[PDB]
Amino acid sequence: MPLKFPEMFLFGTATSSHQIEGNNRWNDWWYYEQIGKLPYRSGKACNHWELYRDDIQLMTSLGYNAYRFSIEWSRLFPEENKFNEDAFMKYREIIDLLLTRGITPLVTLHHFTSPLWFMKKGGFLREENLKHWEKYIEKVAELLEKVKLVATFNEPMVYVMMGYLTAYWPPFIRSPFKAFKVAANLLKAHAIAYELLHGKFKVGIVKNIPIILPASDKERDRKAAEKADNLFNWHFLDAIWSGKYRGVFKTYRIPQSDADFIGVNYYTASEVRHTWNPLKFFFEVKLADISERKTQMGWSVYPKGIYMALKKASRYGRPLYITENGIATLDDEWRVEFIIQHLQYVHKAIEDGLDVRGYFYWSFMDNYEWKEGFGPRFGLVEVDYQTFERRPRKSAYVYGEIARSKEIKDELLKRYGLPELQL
């Protein structure tokens, strides 16, 4: 018996816009890349902005019936109130292709990059800047007329953590007070989009949901993992419905809105231990050492985590999608295995009743992996950066067969799947 998925299930791949499109000259990343800040690698990416017609054909060729990608706001508004029709018609064009070829799109309105001019005004740190976000949404409601699935922000907490708490990404800030004010503004921004789009669209949000484990059995550490889990995951998502989001000193009041679906981005698990330092909110995080074999960034592979992530996320009573799941290796055999084992768990989730409607593999093709540059290869499709040649890997075909047939067959389960509980 093959592992069967529902007919309407989505088997797609995902990309952003700064990572694959080339020369995105108007966003904050491009800027810091160019001056050599951090941003310490630059891009012209996969030059998808030129080759999109081919990438879509290739995509249609492998048998994927869905594509998750994002619209670059800085392209539609290079500067203050200067709209751009070229960018508009081009994305509009990309959308048509997808539809005429039967690929269900899922569009992300914001995926880590913002227009430089917007950031110069302080970005989402300053609530007044939300008027700019509003203009963007109004214009994008026209651009997406054929699309059904929209997600406002891609991983808002990772966005907040990297650029405001950790100083790892633009604007390079290390401030708990500010990081929380930004999160509250992201929640307002989401509420603003939902209000403007929910009519004609299904408006969701995309959350990175790591599996957070205690570094030990001691209650001191168990309490610490729950706290960290609530702080990085549930308080932010709770706020969408409750309207309250607790900061360091304040509790921000935002209007209650909704999300028509929650996209779950799942990669690995983290271990948390208790600390005395309030600056670190009283806990230290490290990557969980679960699998003996590590990933290119040294992450563990923990297939069961995706089931747990979906389970925890179903608490909101909204349909779920795995909007991202992938692996960076130079060993594609490991990728086929990774994909299959995660799908076995995505399948058991469906079996246990969870409302999961799709799976998007993180990355149709290798691409710009932010601060880490081009070294990590998450792609089903290899990309030659000198030529821009797309060379599909074995995984691209295996996954292609799966998406096309809506099932994982015997041969594959036995070769790569997990034995126990079969499925």
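We number the residues from 1 along the sequence you see.
Taking the PDB entry as given, 95-103 carries the higher mean Cα B factor of the two stretches 209-217 and 95-103. Comparing 110-118 with 287-295, the higher mean C-alpha B-factor in the PDB entry belongs to 287-295.
In the PDB entry, the Cα temperature factor peaks, among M365, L354, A45, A66, at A45. Out of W26, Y397, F378, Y361, it is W26 whose C-alpha atom has the highest B-factor in the PDB entry. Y316 sits in the lowest third of its chain by CA B factor, as recorded in the PDB entry. Among the modelled residues of its chain, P78 has a C-alpha B-factor that falls in the highest third according to the deposited record. In this PDB entry, the Cα temperature factor of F236 sits in the bottom third of its chain's modelled residues, the lowest group. Ranked against the other modelled residues of its chain, the C-alpha B-factor of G305 as given in the entry falls in the lowest third.
For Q256, the recorded CA B-factor ranks within the middle third of the chain. Only modelled residues enter the ranking.
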